[PDB]
Each structure stands twice: as structure tokens, then as C-alpha cells.
Amino acid sequence: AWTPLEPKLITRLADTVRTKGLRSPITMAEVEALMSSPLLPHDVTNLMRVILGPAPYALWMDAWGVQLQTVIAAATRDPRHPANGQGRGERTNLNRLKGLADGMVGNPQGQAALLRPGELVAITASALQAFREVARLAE
Amino acid sequence: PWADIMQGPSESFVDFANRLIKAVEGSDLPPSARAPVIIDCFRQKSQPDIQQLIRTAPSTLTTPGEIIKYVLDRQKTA
Amino acid sequence: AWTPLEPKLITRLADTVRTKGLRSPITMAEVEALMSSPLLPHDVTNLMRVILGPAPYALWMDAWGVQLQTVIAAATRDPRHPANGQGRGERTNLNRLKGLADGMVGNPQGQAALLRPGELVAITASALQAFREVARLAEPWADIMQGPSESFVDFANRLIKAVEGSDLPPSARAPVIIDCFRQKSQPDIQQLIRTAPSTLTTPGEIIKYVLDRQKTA
Amino acid sequence: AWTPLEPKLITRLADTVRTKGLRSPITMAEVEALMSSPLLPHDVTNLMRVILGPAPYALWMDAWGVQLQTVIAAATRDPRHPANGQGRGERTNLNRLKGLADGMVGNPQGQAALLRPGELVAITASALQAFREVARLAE
Amino acid sequence: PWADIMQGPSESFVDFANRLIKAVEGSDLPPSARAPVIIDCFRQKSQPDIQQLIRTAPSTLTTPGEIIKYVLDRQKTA
Amino acid sequence: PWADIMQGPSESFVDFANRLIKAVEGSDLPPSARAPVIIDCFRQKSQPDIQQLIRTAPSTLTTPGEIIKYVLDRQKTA
Amino acid sequence: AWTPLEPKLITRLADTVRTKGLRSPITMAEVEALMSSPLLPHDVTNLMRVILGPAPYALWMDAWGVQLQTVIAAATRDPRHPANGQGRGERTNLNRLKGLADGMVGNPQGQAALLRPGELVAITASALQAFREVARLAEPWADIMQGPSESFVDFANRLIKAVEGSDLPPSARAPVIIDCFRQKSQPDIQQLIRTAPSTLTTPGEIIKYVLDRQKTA
Amino acid sequence: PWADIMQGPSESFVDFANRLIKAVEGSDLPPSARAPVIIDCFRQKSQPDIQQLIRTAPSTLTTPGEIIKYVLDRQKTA
Amino acid sequence: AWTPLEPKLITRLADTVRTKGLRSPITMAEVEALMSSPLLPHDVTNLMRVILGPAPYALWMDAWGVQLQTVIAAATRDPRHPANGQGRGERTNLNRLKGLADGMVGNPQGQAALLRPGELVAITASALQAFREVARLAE
Amino acid sequence: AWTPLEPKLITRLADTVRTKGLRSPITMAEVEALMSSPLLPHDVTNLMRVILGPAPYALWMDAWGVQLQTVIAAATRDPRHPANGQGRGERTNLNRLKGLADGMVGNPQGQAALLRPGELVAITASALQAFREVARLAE
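A word on the overall build of chain B
At step 1: Along its length, chain B carries 4 helices and 0 strands.
At step 2: What you see in chain B, going N to C, is helices and strands ordered as α-α-α-α.
At step 3: Its C-alpha atoms give chain B a radius of gyration of 12 Å, within 12% of the compact-globule value 12 Å for 78 residues.
At step 4: With the C-alpha coordinates aligned to their principal axes, the bounding extent of chain B is approximately 35 × 30 × 15 Å.

This is the structure:
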């Protein structure tokens, strides 16, 4: 069952990003805090939509896609990925990682249903690395 | 008005990009026409130093995020 | 039977030579067009009398004579010329080529009667080469600068024209055009070419790059 | 048997390009008109030599070469090209497309002899696309 | 009138030759007297730079076309 | 002092590079810290024309010699 | 046995490079002189460390590495390199060329022991070519005009210098020098060259003609 | 004295040649040294207009008579 | 037997050439008068030495040689020259025309002995034409 | 075996030419000194490249070529040239004199191998005469 993040925590994090900036160690610590439980693509996408401005959000979408593509290359380079399965029918496509696959587009409940925990942690680590890249790039 | 937005002589590029994306997304354009307009406004606004920086891009930039990343990488630190 | 060329085509060709000049590729194409069927000496002579001015016509008469003399030297160097015959009685004299022989002076009908098709095609090729020589002679790359108000495509057109229509070898035109793009073409475009992250090794590539990144104004 | 294009039509087209420019819809319509019958490499080459200036002609040679190379890549990607044949002995090299092959250099009659109709239409479409590219690039 | 034709201080040589040949051939002279007159008018008209250029001709020029070719070759580019 | 070296408005780039490399190598830095410092001083000193010239480098320059070669190639002749 | 180069010769060469520069023909001749016997990587490295400044030395290290890499590519493209051997165990790695291999780092005696004469001559030629590249890089013909008061031999010297010390191919220098003599070289000499009864087809012939018939003033 | 003979600014060339040949043949030179001396005096005397006229001779003149004929042909009528 | 021309007539002709010039019709008439009887090479040579200055004399020697060479070409082109004979042993060399042959150098008596009347008239006409050329050239 | 000239002597000679000029008797004496041993085309070419400026060097190349051509004309006029041999296979071409022949272009060692001593002394005398001509011409 999907539970959304508190809008109070999200508002506090957005104001933190607004006053301290993207690169302060306190901001990265707060992001790591709100990045503790494995989030669904819907959660991370809406979170970055709210806390980041338009241009940093575009940059972050780009960087997240690139990092997810590196993850999928490593996944096709190793059939023992915690997102993959043993047979070929469990291979994870980027539509399933970005939340674009069938039964997931716009629906967080179905998303949480079909996604694997390894998928969730890989998406989360990818999003964190992308946030770091964009923060280092913006300023 | 989005079509009247220029990057000031002293303004940074992230502020200009924020202002432009805000004015373009909060306007009367269809949703499928915002990205091309944002790109073509990055190319024609954004005073001629960044204009030439985007023009001489060995890669083809097909997204506002990619253009922003490229410009932030290769911008003239000043 | 001799049929004259249309005065309408001749008038259009004369106006083409008058506006475009003698050396433009469109003018040479038009001349090649009106030089399609083998012409009698009368036809080519009157054609050059009409389309060319007096001084270019004198130059062209000279050049045509020289080229016909080279042809007659090659003809006496080979008895199998399409203008010649097998016996010595068919050897072709310059009076027969220039239309000065007996039964031909001023009469195009008799001309067409006695002349050979090989004679006609040799005369025609000679006249074409003479026209090319005179055109190259009648009308400096290192003095070409891009004006303060001139666009870049006009400057490139002028420079490539003057470099290709000059005395340089064919293998020295591209490097000269490149190095003239780099040193002429006023300092804004000079710096635009200098700061090229890629290496431009062809005039076309330089033109494309400059047209992409030029300062719209 | 090869028949040349009328120098009257070519002169009119050259003056059209001179007054209206390269990109006007009337100019493109006129080019499409003079691009109706499949032309031999000699014809298109001389046509572009006459109607285009020196620098646009260089650009057009470049673009025509690139488009012909794309065509030859598609041809080696499909043995059923109307320019190709069934056996390997009919594979079409760029020397045959640009008119540089043996028995074709400078001779339009031999050109028309050895060339295929599929070869002619491919060359013609390539030249038209190259003209469009150069026209979009010049202004 | 052919005998009144001079090469102007700023006029090129091909224009002067065209004008002179026109006026000489469209005149009352016999046909066998046009070439010598054209030559001797090239030599005495055609302001003293070209006069000296024709005078110091190592070869003997015996035709208006040859004189025109020689002068066009060795003329002072300006 | 290496951290006080600036490229003068009229100074050429090879003189500035000579002075900077001299002051950096004849200082108290460890040997393994001279190249990164020389690079980052080329990037932040070396007045904004050369700063932007180094910034917009399509290739990544990872050595003082490579930076010097690139700048000498693409420098504004004046 | 390794013998070092004289510090007196090295000091004289360093002062030559300091006063004349890197590109003067006397400097290149002196470098060729001190590049006569095949040098060990230690010798050439210390020589360039002493005679070149810091930034030219960095550039020279880069260029030397690139040229040595081209040499090693040619060596793997031909097993008959005078640095290589017949078997695969004599293949020469860049650590052995740059003096970085085992038993060579910092020791010139061991260097001279293990190195081949072909290795030495290849290293030496590579270093010479790298020096030439850096000299051409460390320090415009189409902008050269003959000043109103300048003599013609000075203008010819300046023009030939700038044309031969440029990026043109070797087969394009003479035509460019001629056509620059004709279009530059203020209109008195322009007309003097134009009205040449003979055809001048060489810069030396043009210079001789102009020096003969020039207006003494 | 032959070595002091110059062509005056207003003197014609045949008078100068007469005077020079007279003074050279009526002097103390050997008979086999008169022609080369007369030629080399035509070339170095005979004020610079005729000097340049003789210098730019497409043919090689190897006799005083040939030089005189050439100069009389191509001289500047004045 | 050789008889020299009167030095009185030669002095009068020299003064005529001195006052009237080389090209006046009276001077040419006087030269034609003193060119009435066929002269030996010695006579014409001394006459031109006396009446002409040094430079016109050099020019006249050149022109006389050229005209005599044309005469000898016409003579080898026709064996019926009044200077020639029927057999090959009477062919006239330029040494015999210019007075340089054996038995003639410096001796006018021997000259008059060996020379033919056709030789004399040819030499005389050649000298007259050469005088005309030099007179037209000098002024 | 080829030995190069000392760059010290060449530097001193270059400075002599720079201060005294090309025509001073001391400069010609110094050139005669450095022209004592028979030099290979490489040596003389590099020497004139170093001591002479660009325009005098062009003039000197011209004059050297002309003098070498006169030498080769005299050589074809006499089969007993110290550069020639007795048979026709030893005839010396200008490519061998200017150092342009096969096995000589750019290589002084091979040059010294194939060249004759008569060839060397002829090249040297030709270069000296050319230097004299250019020195008399420059000033």
C-alpha cells in the first residue's frame, strides 16, 4: 500500500532548498533524510517537481535518465541484479524504472504493486546521484 | 509575457532559465508546445555569449534540461 | 541544306552575354547550347560578330585562327583525321576551314555543300576553345576583403570566384580559400573561425560553421 | 540516348534563383519541375553548377555526397534496392552514383548507357534533398 | 570621328579599343585601310603609359588583336 | 606568491604561463599538487577572454601543456 | 659507457635560444648540431629542461610523447623496426622509449646499457620533430603590404618569410608569393610587373626584374 | 675621353652614338676591345629611359649596330 | 678598269645629306644619280662611309647584308640569276657579293676583274634599298 | 662519411654578413674560407639558408640553378668532365647536382655516398659564382 510523504516535511524541505541552496551540506542531509525509505518513481518525481525550480527540474530529469540508463546497462551486464530476475521474463526495462510501463502511468498504487524492492532502491540511488550532479552543476 | 523575456547583461543563466520556464509554463500555450519554445528562446535570447556557446555545441541538444546542463558546464566563470 | 539560327535565340544569347558577361557559367552553358549542332564557318562567324563586341571579336578571330592552325598541324600529323581523306587530294587547307576556299566565300549554301561533317565538328570545337580563351582573357584574389556591411555569403562567393578564375594550380585553390577566409573576413568572423572547437579542413565546412554560428544582424 | 535540358529553361531557373532566392516556394516548385524526369549525374551536376553560386555549390556537393552515402548504407542494408541487383555483382558503388565509375567520367552518353532507372531516381531524390538542406542553410 | 578618339585618363583599355574599332569600322575608310589605322591609333592615342608599353615590345605586333593581347597581358593592374 | 599572480591586461599568455609555472614550482607545495594548481590558476586567472576560451573547450584539458597548446592555437591574434 | 654533453655547449645553446628564439634557422642548426650523436632519453630530457622554459617544456613533453606514440604504432605495424627484434620478446614499449622501463628510471648508465642504437636514433628523431612542432607553435601573409616608404627587397623578405613560415603546403608557396608580388607592392611596382615583356614565372625572376627596372629614388 | 661621354638630357640617340663611336675608335684601345666597350657604354650611359629600353630587350643584342637599330625602332618619339 | 667617283661629287652629296637630311626627295634623287653606273662593293662601301655618319653607317651595313642575303636566297631559288651561271661552279657566294671573296679584299682592281655585271647591278640595287630602309628608320 | 660544418663558424659568418653586408671583401674572404672543402648540396643549401635572408636566398637559388645549367651544358659539350664518366651511364643530370636525384633527397649521408669529387667541386664553384652574382645584385 502506498503512503504519500507529508506535505509538511516537503514544505520544510522546499524552504530549506530555497534559503540554503542546493549544495549546502544541510540540504543534502535533509534530502538523504527524505530519501530514507525506498520511494516509488511517482514519489521522487513529485518531490523534485516541488522542491526544485523549473530549470533545475529539467536538468534533474536529464541526469536521472542518464543514471537509470547506466543502471540498466549494468543490469544487462549482470543477470543477478536485485531488480532483475533469473529468467529473461523479469528483465527490467526503463519504462518500468521511470514509471512509464503498463499499469503504472499516473497510478502510484499500481506502481507500488508491480515494482520490486530492488527496483525501488535502484531508482532511489539513481535519483540521489542525479540530484548531486544537478546541485554541483547549478552553482 | 514569455516572448519579451531577455537575459539581462548582469543576470546569471539559472535565473534567466527559471524566469523563462516559469513564464512559458504559466501561459496559454498547449502542453506539447512548451519545450520547443523554451529551447528556441534559450537560443535566441540569452545574450550572444551564451548564444554562441549553444550554437557551437558539438552534440545536438534536444531538451531544456540538456541545454541548461551544457551551458552550466561550459559557461564563462565570472 | 543550310538553315540559319533563330535571331530570337541569338538576341537572347546576346543579352545574356551583355548582362552576365563572357565568363559566367550560365553564359558558357548557353554557348554550348547554341553550339550543339555542327555549325558552318558562316554561322559561327556571324554569331560571334553579333554576340561579341568589336575588340572581343578581334581577339576571338585571332584565337580561332590559332586553334584552327593547331588542328591543321594535327591533321598533317595524322592522315586519318575525320576532316581529311585517305588520298592526298582530300587534305584540308585553312582556306576550307575558315570558309575562304573557292566556292565558299560569302555563300553559306555552297559552304554546306562542300564541307565534311568532320570539318564542321572540328571548326565548332576550335571556335568553342577560342571563345573560352577570349573569355578568360577579356576579364585579384589577394586584394579581396569582406566589407564592413557585406554579408558572409557574398564575400565567400566573390572570393571563390576570384580564386577559381585565376592563375593558381587546381591543387592550390582550397588551401588559399581557407587561409583567405581566416585572414580576411573582418575580425568578428576571424575570431569565430579561430575559436572553432573542431578543425575545419574545407571551404564548405567553414562556410557551414560560420553560417550556423554567425551574429544575426 | 541522352538529351540535355534546354538552356532557356536553365536560364529562366537561374534568374528565378537570382531574384527570389533559394528558399522561396516558387523556387522549390521550379526546381521540382526541372527535377521531373530522372536526371543523370552529369545533368544535375551541371544544373547546380549553373544555378548556384560557388559557395552554395560547394555546400551542395557536400550535402549530395552525404545523402548519397546514406542511400548506399540503406542499399547495403537491403539487397532489394531498385538500384541494386539480386547477385553481389550488381551492388552499386558511390563511384557509379556520383558518375565517377569507369566509362562514365565526363561522358553523359556512356553514363546514360550503364545507369539503372532506380539509380537515376535515387540520385535525383538525393540531389533534391541536398538542395533543400543547402537552401535551409544558406539563409 | 575616329581621329578624335583618345583614351581617357580613367578609362580602361578594352573600352578604348572597343570604341576605336567601332568608330574606325563604321566609317568611310576602305576595308583594306582599317587595320593599319587601328594599329597606328593604338600607338599614338592610348595615354603615354600604354604608348610606352607598346613601344617597348620585344616582338613586332602586326595586328590589332595581337596588340590588344599584349597590352592586356602586361598592363599595370590598377 | 603564486596565488597573487594575474595576467595583466597587456601581457601575452606565454609570459603569464612562464611566470605562473615558475612561481608554482619554486614554492612550498608538494610535487603532486603543482599540476592541478597550475591548471586551476590558468582557469581563474588569465583575464576573462582566455577564461572563456578555456571554459568552452570541446575537449577536456587535463595538463598545463595541453591547455597552453590549445590557448596558443585559438588565441585572439592582436 | 655514457658521456654527458658539455655544460659549456649547453649554456651557449641556451643563450642562443634566449636571444634568437626557438624558430630562427641558426637555432635549429645549433639544435641539429647538438642532436648529432644518438642521445639517451636522459640526455634529451635534461637538454630540453635546460634550454626551454617551463611552458615550452610542457608543450615539448606532450609533442614528444605523441611522436613516440606514432613511432610505436609504426613499429607494431612492421616487425622489422631497427628498434624492434625478430621475436615478440624484443618488442619495444613506450616505457623503454621514454626511459620509464625497469632498470632505466633515473639511471643513465643502465639506460645506455639496455637501449638499442635503433631505439636511440628513433628517440632522437622523435625529439627533433617535437622540437620543430613546439617551435612552430610557441611563436599573416595575406595582410602584408609594401609601405609607401619601404624598399622592395625589404618587402620581398618580409613576404617570403611570412609565406614560408605559414600553414600552406610546400607546393603552394611560389604561386602565392608571385600573386602577392603582383597585387601588393604599391601600384608603381604593380605596373612595372604588369608591363613585363617577358613572362615571369618565379619569385627570383620577378625580384631580379624589379631590381633592374626600379625607379631609383 | 670615351669614358666621360654621357647622353645629354636633350640630345638625340644617333648623335650620342656617333660621338661615342668616334671617341672609342679614335682612342688607345686595341681593335678587339672596341665593340664590347661601345656596347657596355651604350648600356650604362644613354640616360635611364634608353637604359631600360636596352635592358628589357627580349632578344640578346651582341653588336653596336643591332643595339642602334633596336633603339631606333622602339624609341620614344618626342 | 676601275675608275673612282669624283671626290667633288662625293663632297657635294655629303653636304646635301648634311643639310637636307637622309629622307628628302632631293637627297634620294642625288643618290639615284650617283647610283647610275653599276658600282663595285668597294665604291658603294666607301661612298656610304663618307656620306653617312657612324651610326647610320652601321645601320646601313646591317640592312645591306640583309638585302644581299635575300638576293642570295632568290639566287639559290633560281639558277638563271644574272649573277649566277648555268653550272654549279658559278654560284655566287656572299663573300663575292660583299667583296670578301679571294682576290677581292681591299683591291678594287681585282674586284672589277672577277665580278659580273649582273653581280654589280644586284649589289647596287641592294645598296639602294638598304639606303632607303635606313633613311626611313633614322628619322 | 659526412661531417657538418660547425654552427659556431656558421653563426660567426652569419653575423659577418649581417654587419658588413654581402659585398664586402672580408665577407667574400670568409665565404671563400667556409667554401674550402668541397661541400655537398645539402651543406651549401643549408649554409645559404642560414646566412642569407629570404629574398637573397630566393635570388641565390635562381642564380645557382642557372650556373649549374651552364655547367651541365658544358658537360654535355665535353664527355671528359670530372663530374661525367666515359660511358653514357655516368652522365650527370641536374637532379644529381641539385641533390634531387634518387637516394639523395633530404639524406646527406646517401648524398656523400653517390656523389663524385668532381661533382662536389663543380657544385661548389657554381654556388660561389651564384653568391657573387647575388651579392652584386642585392646592393
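Structural notes on the overall build of chain C
At step 1: A count of helices and strands for chain C gives 11 helices and 0 strands.
At step 2: The order of helices and strands in chain C, counted from the N terminus, is α-α-α-α-α-α-α-α-α-α-α.
At step 3: In summary, chain C has a C-alpha radius of gyration of 24 Å against a globular reference of 17 Å for 217 residues, an excess of more than 25%.
At step 4: Each principal axis of the C-alpha atoms in chain C carries an extent, and together these give about 70 × 40 × 25 Å.

So, the interface of chain G and chain E
As a measure of interface size, the accessible area lost when the parts come together is often cited.
At step 1: Contact residues are listed per partner, giving 5 residues for chain G and 5 residues for chain E.
At step 2: For the side of chain G that touches chain E, the class distribution of residues is 1 nonpolar, 3 polar and 1 charged.

Topic: unusual backbone geometry
At step 1: With a phi angle near 65°, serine 46 of chain B is a residue other than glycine that sits in the positive phi range.
At step 2: With respect to the element layout, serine 46 of chain B can be found in the loop between α2 (34-44) and α3 (48-55).
At step 3: One non-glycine residue, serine 185 of chain G, lies in positive phi territory at about 65°.
At step 4: Within the secondary structure layout, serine 185 of chain G lies in the loop between α9 (173-183) and α10 (187-194).

As for the environment of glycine 118 of chain A
All names here are of chain A.
At step 1: Along the polypeptide, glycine 118 turns up in helix α7 (residues 117-138).
At step 2: Spatially, the C-alpha atoms of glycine 118 and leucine 59 are 25 Å apart, while their sequence positions differ by 59 residues.
At step 3: Excluding its chain neighbours within four sequence positions, the residues that come into contact with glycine 118 are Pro82 and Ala83.

A look at the domain arrangement of chain C
At step 1: Split by domain assignment, chain C resolves into domain 1 (1-138) and domain 2 (141-213).
At step 2: Just the C-alpha atoms count here: the centres of domain 1 of chain C and domain 2 of chain C sit 39 Å apart.

Overview of the arrangement of the chains
At step 1: When the 7 pairs of chains in contact are ranked by number of contacts, first place goes to chains E and G.
At step 2: Nothing in chain F touches chain H, and the closest approach of their C-alpha atoms is 44 Å.

Conventions we followed
- We count residues from 1 along each chain, following the written sequence rather than the entry's numbering, and we skip any residue without coordinates.
- A letter from A marks each chain and a number from 1 marks each ligand, given out in the order of writing.
- Water and hydrogen atoms were dropped before computing side-chain values, which therefore reflect all heavy atoms in the structure.
- Residues with missing side-chain atoms are left out of burial classes, side-chain pairs and their counts.
- Put simply, DSSP marks the helices as runs of H or I at least four residues long and the strands as runs of E at least two long, and each gets a number from the N terminus on.
- A radius of gyration in this sense is built from C-alpha atoms; the matching globule rule multiplies 2.2 Å by the number of residues raised to 0.38.
- For this analysis, residues touch if any pair of their heavy atoms sits within 4.5 Å.
- Basically, the charged four are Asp, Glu, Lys and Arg, the nonpolar ten are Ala, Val, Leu, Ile, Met, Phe, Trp, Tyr, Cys and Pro, and anything else, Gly included, counts as polar.
- For each domain, the first and last residues come from an automatic or database assignment.

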